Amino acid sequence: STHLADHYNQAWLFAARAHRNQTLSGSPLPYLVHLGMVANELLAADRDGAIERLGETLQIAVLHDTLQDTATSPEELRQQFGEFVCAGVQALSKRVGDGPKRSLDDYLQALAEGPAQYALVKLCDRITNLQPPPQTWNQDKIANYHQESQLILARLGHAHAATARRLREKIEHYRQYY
């Protein structure tokens, strides 16, 4: 049916519109910079362990922030991308629009017990977020982000062996910033 690049493009154009008013933290660069790196991580992960429903899981990597940070409705995602993608973005949303924000334990438990592909997108998200910390973070903020990353590894590393290995290496590398 649908080429992997056509799945990407549909999600990518959607996300570029949805996130058009959003930048990276402390940087004037488009938020799209983050989503590019998450999606690339996910497609690279397939090379080191094939992913069931790779097209839709790539789309979930592109769209994973739409319900939290944009004017995007769950109904829009379900109509345009299907249930599995909608439920992927919901699983990855700590908070949907101005609804209640879920605790990390609740968030990680639901991802651990749910479809492994959703958990795998979270590993790709944290790997992306273990680039060098923003220049305005103190030693304490860095240290806390490092410890939170270790919980994400412990709770979700089951999802994909190679990507868990890569997240551990990023966690070990990030130790140098504090």
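Throughout, we count residues from 1 along the sequence that is shown.
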Per the PDB entry, mean CA B-factor is higher for 113-121 or 136-144, namely for 136-144
Which of the two stretches, 167-175 or 1-9, shows the higher mean Cα temperature factor in the record? 1-9
Classify residue 24 as lowest, middle or highest third according to the C-alpha B-factor given in the PDB entry, relative to its own chain. highest
CA B-factor placement of residue 126, once the chain's modelled residues are sorted into thirds: lowest
Of the three thirds of the chain ranked by Cα temperature factor, residue 62 occupies the lowest
Modelled-residue ranking by C-alpha temperature factor, third containing residue 41: lowest
Can you work out whether the C-alpha temperature factor of residue 71 puts it in the lowest, middle or highest third of the chain? highest
